[PDB]
2 protein chains.
Amino acid sequence: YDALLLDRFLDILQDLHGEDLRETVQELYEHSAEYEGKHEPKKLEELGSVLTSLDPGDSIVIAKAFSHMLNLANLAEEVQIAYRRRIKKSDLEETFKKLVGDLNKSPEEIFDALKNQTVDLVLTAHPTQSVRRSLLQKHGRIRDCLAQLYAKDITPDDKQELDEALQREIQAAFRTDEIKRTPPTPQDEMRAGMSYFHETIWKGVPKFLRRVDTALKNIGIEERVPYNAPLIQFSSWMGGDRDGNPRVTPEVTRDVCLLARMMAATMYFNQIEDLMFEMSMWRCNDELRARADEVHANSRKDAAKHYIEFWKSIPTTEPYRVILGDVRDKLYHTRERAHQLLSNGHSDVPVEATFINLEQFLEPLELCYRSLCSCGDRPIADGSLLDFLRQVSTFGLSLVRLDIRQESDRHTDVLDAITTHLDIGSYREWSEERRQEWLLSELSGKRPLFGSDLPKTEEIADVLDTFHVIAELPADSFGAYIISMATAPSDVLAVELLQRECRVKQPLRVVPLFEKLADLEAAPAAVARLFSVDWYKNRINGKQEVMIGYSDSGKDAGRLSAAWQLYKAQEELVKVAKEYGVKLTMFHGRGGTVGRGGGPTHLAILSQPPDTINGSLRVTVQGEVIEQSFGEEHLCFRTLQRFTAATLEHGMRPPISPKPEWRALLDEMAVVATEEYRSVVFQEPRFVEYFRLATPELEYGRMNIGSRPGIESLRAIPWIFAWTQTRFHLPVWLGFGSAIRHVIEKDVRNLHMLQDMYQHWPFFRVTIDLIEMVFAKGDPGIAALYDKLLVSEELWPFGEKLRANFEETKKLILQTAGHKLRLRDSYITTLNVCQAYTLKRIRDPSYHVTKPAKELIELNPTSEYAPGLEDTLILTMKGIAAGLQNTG
Amino acid sequence: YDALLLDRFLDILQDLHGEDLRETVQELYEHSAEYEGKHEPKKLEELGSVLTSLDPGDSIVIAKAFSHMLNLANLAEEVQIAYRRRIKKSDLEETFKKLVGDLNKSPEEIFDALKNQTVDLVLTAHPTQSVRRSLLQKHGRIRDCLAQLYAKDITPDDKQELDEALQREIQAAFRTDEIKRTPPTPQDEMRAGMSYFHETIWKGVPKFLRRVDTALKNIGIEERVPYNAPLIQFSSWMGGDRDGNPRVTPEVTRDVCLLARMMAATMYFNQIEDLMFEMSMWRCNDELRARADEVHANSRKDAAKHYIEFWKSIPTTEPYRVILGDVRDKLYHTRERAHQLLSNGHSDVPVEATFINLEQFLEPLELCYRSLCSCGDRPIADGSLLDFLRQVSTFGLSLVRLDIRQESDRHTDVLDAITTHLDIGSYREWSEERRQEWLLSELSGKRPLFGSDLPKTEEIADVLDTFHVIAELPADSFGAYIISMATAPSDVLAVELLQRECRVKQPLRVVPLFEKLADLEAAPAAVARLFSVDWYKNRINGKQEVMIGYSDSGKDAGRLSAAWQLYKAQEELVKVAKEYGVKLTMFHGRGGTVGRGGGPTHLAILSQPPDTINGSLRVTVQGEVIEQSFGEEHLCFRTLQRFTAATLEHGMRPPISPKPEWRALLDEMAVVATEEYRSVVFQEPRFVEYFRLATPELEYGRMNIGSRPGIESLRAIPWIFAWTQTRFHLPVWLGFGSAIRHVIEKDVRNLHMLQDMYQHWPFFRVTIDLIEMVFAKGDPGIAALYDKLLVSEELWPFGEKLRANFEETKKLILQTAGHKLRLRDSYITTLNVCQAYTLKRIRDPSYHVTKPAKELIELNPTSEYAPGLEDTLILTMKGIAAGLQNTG
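Residues numbered from 1 in each chain as written, not as in the entry; some residues may be left out. Chains lettered and ligands numbered in written order. Part of a larger assembly, values for the part shown. Heavy atoms only, no water. Residues with missing side-chain atoms left out of burial classes, pairs and counts.

According to the UniProt record, the Function comment for chain A reads "Through the carboxylation of phosphoenolpyruvate (PEP) it forms oxaloacetate, a four-carbon dicarboxylic acid source for the tricarboxylic acid cycle. Contributes probably to the adaptation to inorganic phosphate (Pi) deprivation." Under the UniProt heading Subunit, the note attached to chain A is "Homotetramer." (UniProt positions renumbered as here; feature names shortened; annotations may be inferred.)

The following block contains the structure:
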């Protein structure tokens, strides 16, 4: 069946570029097949020999072909998964069943625990989404074609029109320039993010909630999940995170807030007329009748011809239509106000004509629901009205709540400008205690701090202006202010005072981000010291959120040491919060790649220490992962299901807590793994050299994914990208070899203890299993070829050392777990080869450079490199990322 | 399987009103079952005995229950038909096959004949739609539930959510007041009409055209139907027909025109952004590149923040997106202009910023298509861009072209006011010749006619003002001006002069409506006399349309005589048009009931005389029929298919022309049938009395369907309604008995001649077959019960006479054709009984009359009749109409 796609696409490729190129693509596929079958490293060079003969444009066409083949492979993969899962006639109903039988838990415990459960998915604009939006659309259409094709109810003409349709849709996808020739603006990032709502999430959320209701009734719970029960929520960083992205200005934040608000209003307004049409009942209780009489009193007997439907004043015969009629008027005026406020700088639309409250909207719908149930119409109320109630209570007046992230040192600079200007010292030079005492005195004091006459840098004025932008805007549009590189309470208090002094009427919660490993070690101490401040503990109102970063941890230290220290961090943070009687919710900055803490969601949730979630979870959805988890109805449902089921199980089925022997064993193991990791990644003075030669790291910024413009000093995203492109995955597995070897060396019974740990400890089981998966996506012959083609003859053995470790480490992993699809790896291998030789040509002086476009080579006329080369490189990176189903 | 619906609905009924009422509904169903099985007329009285015992509100609930049961029966009927037809894995591909094999016709003849074929469906607001819109919505949802239920791919939870959904949707439909408590405005009629576009027709048309392309490729025609090939078009009367509807004012016509324009703009604008997203190509020919450079020149480098997507100036990289970008700007400004022009009286939006031409819109899309095909992207161009091209070329700037219908005598009054005021005579008193000569002199003269100082009646000023309204508005918004009761060229010339003098810049075509039988006899003479006028023949530009009414013909004369005279009328009209070298297209004012010329569409088309269509047809879709032919994707497709296939076959497979013996035989037969019909419907002086007692005719106006406020003097719609409610159908079959009896009497070989005619003449075969169908929907026991309950003891035998004829006539029908589901007739019979006894209670003096609502009896507090009775009567009419699948 894998052959069908090859047939259709290759027929189209032949229809576009002739027999010859189709035949050379087939040759490359056959060489790659002989390689992924026999694994003769001679086959690689055999393939590169055929690859070097290519024309400028021809190699572009080859890279294009294999990349689109990988994409189609992903799409057919998703289709086959959806159908395979559907033809069954963890999981929600299964999780309920296991909670009842295994753990003897009652239905009302599941229901009550469910009501008080919340999962806050926060979408980020992290530059990990390799596929441009113009192509993502065509992918969506194409998987629609393939999904409709996968059925036995096709009529001949339907299938032929879908053949013509899929053919035209592939031909359209291939006819688009895959290369972002300019990097997006943060606004574009926020649009790419929000586009999944008026595509999937908006309609997906109420369907999922219906499904939870159904599953709850399969357990005997006739009651339904409360419409205002916040089982899932959405937050955003798009346009808010300005950490090291100076292009995220205050005006950008204003723009994304106003934008999102306009989107939400528009969606509600388009829903509201259909809802009015259905709410044609005439029975209501005395309450809704009284209110309907109120609205029909101020009915404004006018033409109201701007509407299409219901332009006549609604009669009291159908009172639900009266009340919903006022709801439509207030929606119209809310949309018009937001659209004017966005399109110009201002609006003449009166605020009282609009919904100002998150529940001025909810109130009339709640009333309709009470009336319907009162009058025996709970079936009716649980339909479109309920869907609408859940959409309002879930999305509010601004589809997502925006977080503002900024690094502590910028707040420090602001305060230092203030104290210098006030002739009182230098906040920078001040000790922590001095900062705390001063900040406290200013927060509890009543005199304004700086004035209009404060000297400001562009950076200083950037952060002050972002605070003014936050104050100017509605409170329910924002989420949390995340402080990067937070180390002391002076940073949180600093942001609090900077908010109060920027007249932020309802200041948002402040939350620290500990991402470097030392910050994770020191974090519980800092949180306890913050809670010690009686002022903050009294204003924090018993609730605190703190973010836990996964990107930079496994970058400077061992991936293993990072994971273990994270576990300790969650544990001790919960300890501290309980010690001060504060409800802690921890914010997990997980990525899509395992190297940034990614991997399957239920596995990452089960690997959390027990009694650390307590019905309140928060996870990042990093750029690319959005597409993976919300681009289809089915993906959206499977995502929301995975999250809610994992959290519920982790709530009622607490994972086993580690025996102390396991604690100490992992402490030693963490020392060994850290020394091993840092030994090869930092001690080696020629390591940075070999890295900058052997991996496509430095070229990452060429793809222009995001809007953000030593090895310790690079972002974790291109770090994991480099080693994942080459399918070597060094940062995933490094410390494990020395770790396990030293642990079995110090004691032989530690082998039985590792076997013991792998079978009972969810954290260890998850860790080892993930390492084994990453090994399964590994092939060291690739990194070998890259070394042979690009590394100087000198330090060739260095890589082999690592390669040694690779196999060694794998041998240990399979030994602790007790273990002993393909074909896509064929295409990937081809692109691997293409990526390798092309890099050698790029780092040559002969291939350097010293109107409309009618062919691909004309697409890059400003290339500092040879005409056809830059585009081909970008193509190889994109394609390999697609094949591996991860970018960074 | 019929039992499933009964089970679900009766369970809901029990959940709403208890066991007792469910049990009495079951008793009624059982009595009706014993009646429709055994046909014991004692069973009817047995049922009425149980019916008379009912409470005021209880009988309302019973009528409600049987009516909704009939509706559900209709919906399940449609579902089972759609699935039965789909599980085949006339008709389009079958029609092509028969045209190739049977008639030896070539593909290019089918294709070329198809290109030059046009079918103009014109939706009317005729008050035949019994089901109010608030309920039609719920019906749509309910058939959605049932359609999704009819499958073997249901997952358990899907089926349970659809059970809860169908339950809540039925419960919602039943909880709505079925009674229109106030009659609609013409604007409401036009909304009910147009609502099928942004529901079905808008998306249905391009899908149907794709299907025609597919069928054409199954014959070997790789080419596609031209996007601008006008295979189907839509016109409207809603808000335009003012014949005997004085509530259709000029402001109403303005309103429906502006309204429709706003709807169209909105739909295009919502499509355009998705189209822009897909047209991401970079290759274009020098033409589209030049134009894209033009647009990017005047690009207006601005924020353009009112849009959500593509708010940044579009780069020349993606030229299709540039050109489509200008298209989106001109759409935005067109929508804003129409919305302001509607909501206020005026707009500041510049006209040059909008699409003014029907093809200023089409031009940029045509350019994109040429470019795409030029660059080898015909597959891409035949996708969303083609769908959009067909939508634009098919729907234009105003979704439908509006006809204006008005009776001749009103134009006569206008002209008479003018000639009286000009001290020149009285146009009324003038002979036809004088009218012709004067009208001609004024049309070819250059002096204005009346001035501001013309004395005007409210009627006169109504028609003059409608002409000013037509002149003020865009030309492509209007269709034809239909003249009711047109008899002479003076009427058409009158409208032409009245247009020119009202400064109608681009005057619309004038078309006469001949509906009374004498007008159909005299019509060809009048058309020839009109074409004799050299002026009109020169300005008519070789094209003429004339309407042929079906409503009033079979009302004053025999249904048979009417059909035959219609055939002659089409024939001789075509003769006359060919004689004057003018392309005639005839406009068939067909209804939904056979008594108004309704019946299956392909049968009505085959019954047209040969060489009378010639690739140009025009048919009314009377009120209720709209719902029947466009309320579902499948209904819409089946409608467009039926029409286009019928016209094509009638074009290439001309029906046999009648032998002269058949001609004369039908002339005699028409005399006999006319004498027989008029003998019982007009000669009898007590006939009007018996009619006003035995049928629910007089109560029709109580349903408040439409906005329009002797027996010869009533509308044909309540005429057919009366006899169809009672399932007697007198106007369908009356003259056939005497006709066939006299024809077999004058000669015995005429029996073999009738057998000969039924097997070879499409017109006769259709006629007789239709009569047999109507008989199959007949049961004279019903009319018997109505007579027994409501007719005075005196003229009881009169009806029996008719009843005699009934059987007699049926015996003849089955004899010329050579011939010898049920259960739903059960429910109908119950309502029959309920309708009968209730009428007897209504026409009683004891049951006459000399805040919010918390129960059904409170729903009519102004009833001149007893509290519960009026509503129950309306309910019975609605339900019986639903069961018979026809209103009038």
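Here the narrative resumes.
Enquirer: An account of the overall build of chain A is needed here, citing residue identities and associated values.
Expert: Tallying secondary structure elements over chain A gives 36 helices and eight strands in all. Rg of the C-alpha trace for chain A: 29 Å, near the compact-globule value of 29 Å for 888 residues, within the 12% margin. Seen through its C-alpha atoms, chain A measures out along the principal axes to roughly 85 × 75 × 65 Å. (Helix = DSSP H or I, 4+ residues; strand = E, 2+ residues; numbered from the N terminus. Rg over C-alpha atoms; globule rule 2.2 N^0.38 Å.)

Enquirer: With reference to specific residues and values, describe the pattern of salt bridges.
Expert: Taken as a whole and judged by the stated rule, the model has 144 salt bridges over all chains. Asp377 of chain A is the salt-bridge partner of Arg175 of chain B, the closest N and O atoms lying 3.0 Å from each other. Remark: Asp377 of chain A occurs in the loop between α13 (362-374) and α14 (378-395) and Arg175 of chain B occurs in the loop between α7 (156-174) and α8 (186-194); the pair is interchain, linking two chains. A salt bridge links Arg741 of chain B to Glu745 of chain B; its shortest N-O distance comes to 3.5 Å. Highlighted residues: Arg741 of chain B and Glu745 of chain B, both in helix α30 (residues 736-746), separated by four residues, approximately one helical turn. Linked by salt bridges that have partners in common, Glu164 of chain A together with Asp213, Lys217, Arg224, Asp382 and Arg390 of chain B make up one network. (Salt bridge = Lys/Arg side-chain N within 4 Å of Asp/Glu carboxyl O.)

Enquirer: Before we move on, could you go through the side chain of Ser561 of chain A and cite the residues and values that matter?
Expert: Structurally, the position occupied by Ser561 of chain A is in helix α22 (residues 559-579). With sequence-adjacent residues up to four places away left out, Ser561 of chain A is seen in contact with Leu517, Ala670, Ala673 and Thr674 of chain A. (Contact = heavy atoms within 4.5 Å.)

Enquirer: An account of a negative patch on the surface is requested, with residue identities and associated values reported.
Expert: Side chains of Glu19, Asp20, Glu23, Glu27 and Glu30 of chain A sit close together on the surface and give a patch of like negative charge. Its location among the elements puts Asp20 of chain A in helix α1 (residues 2-38). (Patch = residues over 30% accessible without salt bridge, like charges linked within 9 Å, V, L, I, M, F, W, Y side chains within 5 Å. Areas by Shrake-Rupley, 256 points an atom, 1.4 Å probe, with all protein chains shown as cover. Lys, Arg positive; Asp, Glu negative; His and termini not counted. Charge placed at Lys NZ, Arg CZ, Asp CG, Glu CD.)

Enquirer: Tell me about the UniProt feature "active site" in chain A, and please be specific about residues and values.
Expert: Residue and element names in this part refer to chain A. According to UniProt, the "active site" feature falls on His126 and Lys555. The residue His126 is located in the loop between β1 (118-124) and α6 (133-149) in this model. The buried category is assigned to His126, whose relative accessible area is 15%. Setting aside its immediate chain neighbours within four residues, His126 contacts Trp237, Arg596, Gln622 and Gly623. Here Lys555 lies in helix α21 (residues 553-556). Of the residues examined, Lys555 reaches a relative accessible area of 5% and is grouped as buried. Apart from the residues lying within four places of it in its own chain, the contact partners of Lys555 are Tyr677, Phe682, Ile711, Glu712, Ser713, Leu714 and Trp719. (Buried < 20%, exposed > 50% of the residue type's maximum accessible area, 1.4 Å probe, protein only.)

Enquirer: I'd love a proper account of the relation of the copies chain A and chain B, names of residues and values included.
Expert: You can overlay chain A on chain B at an RMSD of 0.0 Å; the transform is a turn of 180° with a shift of 0.0 Å along its axis. Each copy turns onto its partner about a two-fold axis. The rotation axis passes nearest to the C-alpha of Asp153 of chain A in chain A, at a distance of 5.1 Å. A shared binding surface is used by both copies, with 100% of the interface residues of chain A retained as interface residues in chain B. (Least-squares fit on C-alpha atoms.)

Enquirer: I'd like a description of unusual backbone geometry, backed by residues and values.
Expert: Here the phi dihedral of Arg822 of chain A falls at roughly 35°; this positive angle occurs in a residue that is not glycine. Looking at the element boundaries, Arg822 of chain A is found in the loop between α34 (796-817) and α35 (824-842). The backbone of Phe310 of chain B shows a phi angle near 50°, a positive value even though the residue is not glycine. Note that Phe310 of chain B resides in the loop between α11 (286-297) and α12 (319-343).

Enquirer: So what's going on with the interface of chain A and chain B? Residues and values would help.
Expert: Across the contact, 78 residues belong to chain A and 78 residues belong to chain B. Residue assignment for the side of chain A that touches chain B shows that the elements contributing at least two residues are α6, α7 (156-174), α8 (186-194), α9 (197-218), α10 (250-278), α11 (286-297), α12 (319-343) and α14 of chain A. For the side of chain A that touches chain B, a count of residues per class yields 22 nonpolar, 18 polar and 38 charged. (Nonpolar A, V, L, I, M, F, W, Y, C, P; charged D, E, K, R; others polar.)

Enquirer: Residue-level account of the sheet that holds strand β2 (residues 232-236) of chain A, with values.
Expert: Residue and element names in this part refer to chain A. The strand order around the closed barrel built from eight strands is β1-β2-β3-β4-β5-β6-β7-β8, with neighbouring strands paired in parallel fashion. Each strand axis lies, on average, 25° off the axis of its neighbour in the sheet, ignoring direction. Judged from the two bridges that link them, β2 and strand β3 (residues 401-407) form a sheet pairing that is parallel. The partner of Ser236 across the bridge, within β3, is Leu402. (Pairing = 2+ DSSP bridges. Axes fitted to C-alpha atoms, helices over the stretch in contact; angles between N-to-C directions.)

Enquirer: Outline the side chain of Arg727 of chain A, listing residues and values.
Expert: All names here are of chain A. Its place among the elements puts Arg727 in the loop between α28 (716-725) and α29 (730-733). Take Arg727: its relative accessible area is 2%, and that puts it in the buried class. Within the local environment of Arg727, its side chain forms a polar contact with the side chain of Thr829, the two groups lying 3.0 Å apart. Residues within four places of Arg727 in sequence aside, it is in contact with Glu36, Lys777, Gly778, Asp779, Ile782, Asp825, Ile828, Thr829, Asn832 and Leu884. (Polar contact = N/O pair within 3.5 Å; in protein donor to acceptor, adjacent residues only side chain to side chain.)

Enquirer: Run through the packing of helix α30 (residues 736-746) of chain A against helix α31 (residues 749-760) of chain A, naming residues and quoting values.
Expert: Residues and elements named next belong to chain A. At a minimum axis separation of 6 Å, α30 and α31 run at an interaxial angle of 130°. Relative to α31, α30 is oriented oblique. When α30 is examined against α31, the residues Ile740, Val743 and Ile744 are found in contact with a partner set consisting of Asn750, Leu751 and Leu754. A per-class count over the contact of α30 with α31 returns five nonpolar, one polar and no charged. (Parallel < 35°, antiparallel > 145°, perpendicular 65-115°, else oblique.)

Enquirer: Give a detailed account of the environment of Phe643 of chain A, specifying residues and quantitative values.
Expert: Residue and element names in this part refer to chain A. Position of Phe643 among the secondary structure elements: in helix α25 (residues 633-652). We classify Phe643 as buried; its relative accessible area is 8%. Between the alpha carbons of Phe643 and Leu617 there is a distance of 9.4 Å; along the sequence they are 26 residues apart. For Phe643, the contacting residues outside a window of four places in its chain are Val119, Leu121, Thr601, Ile605 and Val619.

Enquirer: Outline the sheet that holds strand β3 (residues 401-407) of chain B, supporting the account with residue identities and numerical values.
Expert: All names here are of chain B. Pairing in this closed barrel of eight strands is parallel, and the strands run β1-β2-β3-β4-β5-β6-β7-β8 around the ring. With direction set aside, neighbouring strand axes in the sheet form an average angle of 25°. Bridge count between strand β7 (residues 583-589) and strand β8 (residues 616-622): two bridges; the pairing is parallel. Paired with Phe587 across the strands is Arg618, a residue of β8. Contacts between helix α22 (residues 559-579) and the sheet are confined to β6 (543-549) and β7, with β7 contributing the most and set at about 160° to the helix.

Enquirer: Quick rundown of the domain arrangement of chain A? Include the residues and the values.
Expert: Interface size, as often reported, equals the accessible area lost upon joining of the parts. Taken domain by domain, chain A comprises domain 1 (1-85 + 131-179 + 660-704 + 710-884), domain 2 (86-129 + 185-261 + 399-654) and domain 3 (262-398). Measuring from the centre of the C-alpha atoms in domain 1 of chain A to the corresponding centre in domain 3 of chain A gives 51 Å. (Domains from an automatic or database assignment.)

Enquirer: Tell me about the environment of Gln26 of chain B, residues and numbers included.
Expert: All names here are of chain B. Within the element layout of this structure, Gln26 appears in helix α1 (residues 2-38). Residues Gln26 and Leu47, spaced 21 residues apart in sequence, show a C-alpha to C-alpha distance of 12 Å. Beyond its immediate sequence surroundings of up to four residues, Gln26 is in contact with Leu6 and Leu10.

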